[PDB]
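Q: Would you mind keeping the following structure in view while I ask a few things?
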Amino acid sequence: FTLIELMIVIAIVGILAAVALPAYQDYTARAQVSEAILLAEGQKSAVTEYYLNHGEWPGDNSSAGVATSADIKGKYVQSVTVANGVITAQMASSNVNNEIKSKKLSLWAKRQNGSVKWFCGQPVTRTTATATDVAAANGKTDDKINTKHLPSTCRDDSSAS
Amino acid sequence: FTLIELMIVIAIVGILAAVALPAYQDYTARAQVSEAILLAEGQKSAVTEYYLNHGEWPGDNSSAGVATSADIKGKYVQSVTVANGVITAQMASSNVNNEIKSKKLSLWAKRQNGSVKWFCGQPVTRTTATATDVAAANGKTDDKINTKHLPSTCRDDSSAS
Amino acid sequence: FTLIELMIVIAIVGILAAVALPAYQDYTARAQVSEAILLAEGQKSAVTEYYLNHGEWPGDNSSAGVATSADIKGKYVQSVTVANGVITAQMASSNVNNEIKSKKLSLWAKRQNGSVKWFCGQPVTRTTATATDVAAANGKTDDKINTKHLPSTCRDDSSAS
Amino acid sequence: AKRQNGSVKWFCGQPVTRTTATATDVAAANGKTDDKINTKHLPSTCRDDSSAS
């Protein structure tokens, strides 16, 4: 009945190759998400510049005069969009974490002691291109990204100022 | 004849210490391969810069003006080479997975909605330094690396655009 | 005299619960050792940075300006030290493999076609903070770790370049 | 920033203060090093003292 001991070793192996893997489709997502974060970053400039020139954020890419929603893109990026200076990009719809598939988070800068502070966080939009305060246009959170599937920092709401 | 039961336990041990180890020379390879992936990454910059400055990729390291094939190297890297902006490095010829011994995969960026998208995948080369489209110069697949012995992502062909 | 057959089964059990366990205090060691390997890894950065900034490795943690010998530590780590850019940590002195108890191995990077190549291997030290070549300061091999009690790779001597 | 062959050279480093607004030489007003930042927790370069000139 070392066989048991064997079948034990079998048994413990039996229930050892199942459900012993947390959150990795969760984890890949973050980077897979974060890949999307990497792109619209540059848009912030003319967005600022537009705000810099004018004092008002650009209502969008085109207000800024820059690459629109369906513009600048690639892997994990099926849109890149500005909203009254609030910039946003979307996850791809495949080869992703099945979860984060096609998700976004906005990028909104509200004026500081310094110039302004952006925010890597939830899909939101600025009340006006003129304003700095932005609105949590949540898109029923689909594009919104799990703060879990987000890293610790990039967990911002429109409220972020 | 617990002896049988014994010799059984022997027998099951008999055919238990043979062929019960899949794919690990396969697995080490991936990292051993992936080690090689880690290096030519930096070359992408001047490659881009060359493409950035010019609008044309650098025909190679030297076109870019950067570390040639037999340049930047070390463990698991017995070459690091650019091909019309398409960059490639080779596995070592020892202390490796006997399989992946001396193998490569190219690195080719083709222009995006964004700037451009590289590709970790098979040894290939760009049609022209001017171009973005690259050619699956396969080297009879020796340097080409097993998509199995590659991780899931780094499975790209010249076609990757 | 099935009793013999019994006492046989007894007898074969008699000399079956003794000396039939190789090298496991040897094996735990490796990981128990390798635990120590896990830590000083981060030190390599400023070490590099010091070498990166200066062109010379940091004579130590303090030359680099980083966590000294008795600094960064924990389980299986009763020291973590840099030596002219050559970094080293020691095994604990208890709850270990009684063998590997309080043992080390250095970490020395010598300049490449690429930048440089480190080495997980024996306690050694770099001739100069300026240099790359390192000296097999062996400490009478106590801190030096059994290549057996080391895994296959992490078997490097100062000579490793 | 303390005046150079060129104009002047700044220094990313420890909380310090210049002896005078007129001067260039600065004083290592250290604030008991709390605000002062660990050269470890600093990168390699930004490791400057008032002495930095």
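Each chain in the structure tokens gets a letter, A, B and so on, in the order shown; residues start at 1 in every chain, and ligands are counted from 1 in the order they appear.
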Identify, on the basis of only C-alpha atoms, every residue whose closest approach to residue D:37 does not exceed 10 Å; exclude the query and any residue fewer than 5 positions from it along the same chain; express the result as a ChimeraX atom specification.
A: /D:13-15,42,46-47
Q: With C-alpha atoms retained, write the just-selected residues as a short mmCIF file (atom, residue, chain, number, x, y, z; two decimals), in the first residue's frame.
A:
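Once written, selection18.cif looks like this:
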```cif
data_model
loop_
_atom_site.label_atom_id
_atom_site.label_comp_id
_atom_site.auth_asym_id
_atom_site.auth_seq_id
_atom_site.Cartn_x
_atom_site.Cartn_y
_atom_site.Cartn_z
CA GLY D 13 22.06 67.04 -5.18
CA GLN D 14 21.49 67.41 -1.49
CA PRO D 15 19.34 70.16 0.00
CA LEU D 42 19.20 58.74 -5.60
CA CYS D 46 22.24 63.25 -8.69
CA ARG D 47 24.52 62.90 -5.69
#
```
Q: I'd like the contact shell of stretch 130-142 of chain C - 10 Å cut-off, only C-alpha atoms, skipping same-chain residues fewer than 2 positions apart - returned as a ChimeraX atom specification.
A: /C:51,54-59,83-86,99-111,116-118,122-128,144-146,156-161
Q: Taking N, CA and C atoms for each residue, export the selection above as a tab-separated table (two decimals), in the first residue's frame.
A:
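Saved the output as again.tsv:
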```tsv
chain	number	residue	atom	x	y	z
C	51	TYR	N	29.80	51.92	-12.87
C	51	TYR	CA	30.62	51.63	-14.04
C	51	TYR	C	30.09	52.38	-15.25
C	54	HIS	N	30.91	56.14	-14.57
C	54	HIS	CA	32.34	56.41	-14.46
C	54	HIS	C	33.13	55.74	-15.57
C	55	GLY	N	32.77	54.51	-15.92
C	55	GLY	CA	33.67	53.61	-16.60
C	55	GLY	C	34.40	52.69	-15.65
C	56	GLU	N	34.20	52.85	-14.35
C	56	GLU	CA	34.79	52.00	-13.33
C	56	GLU	C	33.68	51.38	-12.50
C	57	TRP	N	33.84	50.11	-12.16
C	57	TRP	CA	32.89	49.51	-11.25
C	57	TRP	C	32.99	50.20	-9.90
C	58	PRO	N	31.97	50.06	-9.07
C	58	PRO	CA	32.08	50.58	-7.71
C	58	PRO	C	32.88	49.61	-6.87
C	59	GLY	N	33.90	50.14	-6.20
C	59	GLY	CA	34.69	49.31	-5.32
C	59	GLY	C	33.84	48.46	-4.41
C	83	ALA	N	32.27	44.10	-4.67
C	83	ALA	CA	33.72	44.14	-4.63
C	83	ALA	C	34.23	44.63	-5.98
C	84	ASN	N	34.51	45.93	-6.09
C	84	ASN	CA	34.93	46.51	-7.36
C	84	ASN	C	33.92	46.15	-8.45
C	85	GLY	N	32.65	46.36	-8.14
C	85	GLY	CA	31.59	45.90	-9.00
C	85	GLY	C	31.27	44.43	-8.90
C	86	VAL	N	32.07	43.65	-8.17
C	86	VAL	CA	31.79	42.23	-8.00
C	86	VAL	C	30.97	42.04	-6.76
C	99	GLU	N	25.54	21.86	5.40
C	99	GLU	CA	26.71	22.01	4.55
C	99	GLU	C	26.91	23.47	4.15
C	100	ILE	N	25.97	24.00	3.37
C	100	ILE	CA	26.13	25.29	2.71
C	100	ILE	C	26.06	26.41	3.73
C	101	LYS	N	25.91	26.04	4.99
C	101	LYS	CA	25.73	27.02	6.03
C	101	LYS	C	26.77	28.13	5.91
C	102	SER	N	26.28	29.35	5.70
C	102	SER	CA	27.13	30.53	5.62
C	102	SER	C	28.10	30.46	4.44
C	103	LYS	N	27.55	30.51	3.24
C	103	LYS	CA	28.35	30.43	2.03
C	103	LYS	C	27.96	31.53	1.04
C	104	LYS	N	28.89	31.82	0.12
C	104	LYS	CA	28.76	32.94	-0.80
C	104	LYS	C	29.08	32.54	-2.23
C	105	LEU	N	28.82	33.47	-3.14
C	105	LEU	CA	29.37	33.41	-4.48
C	105	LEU	C	29.26	34.79	-5.10
C	106	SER	N	30.32	35.19	-5.78
C	106	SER	CA	30.40	36.55	-6.29
C	106	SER	C	29.62	36.72	-7.58
C	107	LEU	N	29.64	37.96	-8.07
C	107	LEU	CA	28.83	38.37	-9.21
C	107	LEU	C	29.62	39.45	-9.94
C	108	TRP	N	30.24	39.09	-11.05
C	108	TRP	CA	31.22	39.97	-11.66
C	108	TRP	C	30.98	40.07	-13.14
C	109	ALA	N	30.88	41.30	-13.63
C	109	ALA	CA	30.59	41.58	-15.02
C	109	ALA	C	31.83	42.12	-15.70
C	110	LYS	N	32.20	41.51	-16.82
C	110	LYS	CA	33.39	41.91	-17.56
C	110	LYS	C	32.99	42.24	-18.99
C	111	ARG	N	33.56	43.31	-19.52
C	111	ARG	CA	32.93	44.07	-20.59
C	111	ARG	C	32.94	43.30	-21.91
C	116	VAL	N	28.61	44.06	-21.11
C	116	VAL	CA	29.37	43.42	-20.05
C	116	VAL	C	28.67	42.11	-19.76
C	117	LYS	N	29.38	41.12	-19.23
C	117	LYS	CA	28.68	39.93	-18.77
C	117	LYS	C	29.03	39.61	-17.33
C	118	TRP	N	28.00	39.61	-16.49
C	118	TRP	CA	28.09	39.17	-15.12
C	118	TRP	C	28.36	37.68	-15.05
C	122	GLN	N	31.57	31.67	-7.97
C	122	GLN	CA	32.31	31.62	-6.72
C	122	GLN	C	32.65	32.99	-6.16
C	123	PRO	N	32.68	33.12	-4.84
C	123	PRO	CA	33.13	34.36	-4.22
C	123	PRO	C	34.47	34.77	-4.80
C	124	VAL	N	34.47	35.91	-5.48
C	124	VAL	CA	35.65	36.47	-6.11
C	124	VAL	C	35.53	37.98	-6.00
C	125	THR	N	36.54	38.71	-6.47
C	125	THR	CA	36.51	40.17	-6.39
C	125	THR	C	37.26	40.76	-7.57
C	126	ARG	N	36.85	41.95	-7.98
C	126	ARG	CA	37.49	42.55	-9.13
C	126	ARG	C	38.79	43.21	-8.74
C	127	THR	N	39.80	42.99	-9.58
C	127	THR	CA	41.13	43.52	-9.32
C	127	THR	C	41.07	44.99	-8.94
C	128	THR	N	40.39	45.79	-9.75
C	128	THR	CA	40.13	47.16	-9.40
C	128	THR	C	38.68	47.49	-9.70
C	144	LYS	N	32.59	30.00	-0.65
C	144	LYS	CA	32.44	29.36	-1.95
C	144	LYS	C	31.48	28.19	-1.84
C	145	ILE	N	30.72	27.97	-2.89
C	145	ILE	CA	29.61	27.04	-2.82
C	145	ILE	C	29.88	25.87	-3.76
C	146	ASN	N	29.54	24.68	-3.29
C	146	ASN	CA	29.71	23.47	-4.08
C	146	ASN	C	28.99	23.59	-5.40
C	156	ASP	N	30.59	29.75	-11.61
C	156	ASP	CA	31.53	30.68	-12.23
C	156	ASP	C	32.68	31.03	-11.28
C	157	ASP	N	33.87	31.14	-11.85
C	157	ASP	CA	35.06	31.63	-11.17
C	157	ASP	C	35.40	33.03	-11.66
C	158	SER	N	36.14	33.76	-10.83
C	158	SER	CA	36.63	35.09	-11.19
C	158	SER	C	37.05	35.16	-12.64
C	159	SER	N	37.80	34.15	-13.07
C	159	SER	CA	38.15	33.96	-14.46
C	159	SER	C	36.99	34.20	-15.41
C	160	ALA	N	35.76	33.93	-14.99
C	160	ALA	CA	34.61	34.17	-15.86
C	160	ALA	C	34.57	35.63	-16.29
C	161	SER	N	34.58	35.86	-17.59
C	161	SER	CA	34.78	37.18	-18.14
C	161	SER	C	33.73	37.57	-19.18
```
Q: Running DSSP on the backbone, which parts of chain A land in alpha helix (DSSP H), as an MDAnalysis selection string?
A: chainID A and resid 2:14 24:40 44:54 61:64
Q: Taking only C-alpha atoms into account and nothing else, which residues of chain B lie no more than 6 Å away from chain C? Please answer as number ranges by chain.
A: B: 71-73
Q: Suppose you want the space between atom CA of residue C:154 and atom CA of residue C:63; what is it in Å?
A: 25.9 Å
Q: Considering only C-alpha atoms, state which residue in the set D:4, D:26, D:9, D:41 is at the smallest distance from chain C.
A: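 Looking at the shortest contact to chain C, the residue is D:41.
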Q: At a cut-off of 6 Å, using only C-alpha atoms, what residues contact stretch 75-79 of chain A? Leave out same-chain residues fewer than 6 positions from it and give the result as a PyMOL selection string.
A: chain A and resi 36+69+89-92
Q: Fewer than 6 positions away in the same chain doesn't count, so skip those; otherwise give me all residues within 7 Å of residue A:29, counting only C-alpha atoms, as JSON, numbers by chain.
A: {"A": [96, 97, 100, 149]}
Q: Between atom CA of residue D:16 and atom CA of residue D:31, what is the distance, to one decimal in Å?
A: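 Going from atom CA of residue D:16 over to atom CA of residue D:31, I get 8.7 Å.
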Q: For chain C, list the residues within 10 Å of chain D, counting only C-alpha atoms, and write the list as a PyMOL selection string.
A: chain C and resi 45-54+61-62+64-67
Q: Given the selection you just returned, output its residues as a file containing C-alpha atoms, formatted as a PDB file, in the first residue's frame.
A:
```pdb
ATOM      1  CA  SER C  45      22.351  48.247 -11.472  1.00  0.00           C
ATOM      2  CA  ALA C  46      24.126  51.014  -9.582  1.00  0.00           C
ATOM      3  CA  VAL C  47      27.212  48.835  -9.833  1.00  0.00           C
ATOM      4  CA  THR C  48      26.704  49.047 -13.576  1.00  0.00           C
ATOM      5  CA  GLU C  49      25.578  52.672 -13.244  1.00  0.00           C
ATOM      6  CA  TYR C  50      28.729  53.410 -11.290  1.00  0.00           C
ATOM      7  CA  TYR C  51      30.617  51.627 -14.043  1.00  0.00           C
ATOM      8  CA  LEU C  52      28.166  53.241 -16.435  1.00  0.00           C
ATOM      9  CA  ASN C  53      28.628  56.747 -15.130  1.00  0.00           C
ATOM     10  CA  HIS C  54      32.338  56.408 -14.459  1.00  0.00           C
ATOM     11  CA  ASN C  61      28.231  49.046  -2.146  1.00  0.00           C
ATOM     12  CA  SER C  62      29.489  52.328  -0.683  1.00  0.00           C
ATOM     13  CA  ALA C  64      28.293  52.680  -5.603  1.00  0.00           C
ATOM     14  CA  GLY C  65      26.599  54.245  -2.606  1.00  0.00           C
ATOM     15  CA  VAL C  66      24.328  51.256  -2.100  1.00  0.00           C
ATOM     16  CA  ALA C  67      23.310  48.739   0.540  1.00  0.00           C
TER      17      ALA C  67
END
```
Q: In Å to one decimal, how far is atom CA of residue C:70 from atom CA of residue C:35?
A: 16.5 Å
Q: Using backbone DSSP assignments, extract all strand (DSSP E or B) residues from stretch 1-129 of chain C; output them as a VMD selection string.
A: chain C and resid 74 77 79 to 83 86 to 90 104 to 107 110 to 111 116 to 117 120 to 121 125 to 126
Q: Find the residues near residue D:18: any atom within 8 Å, counting only C-alpha atoms, skip ones fewer than 6 places away on the same chain, and give them as an NGL selection string.
A: :D and (24-27 or 50)
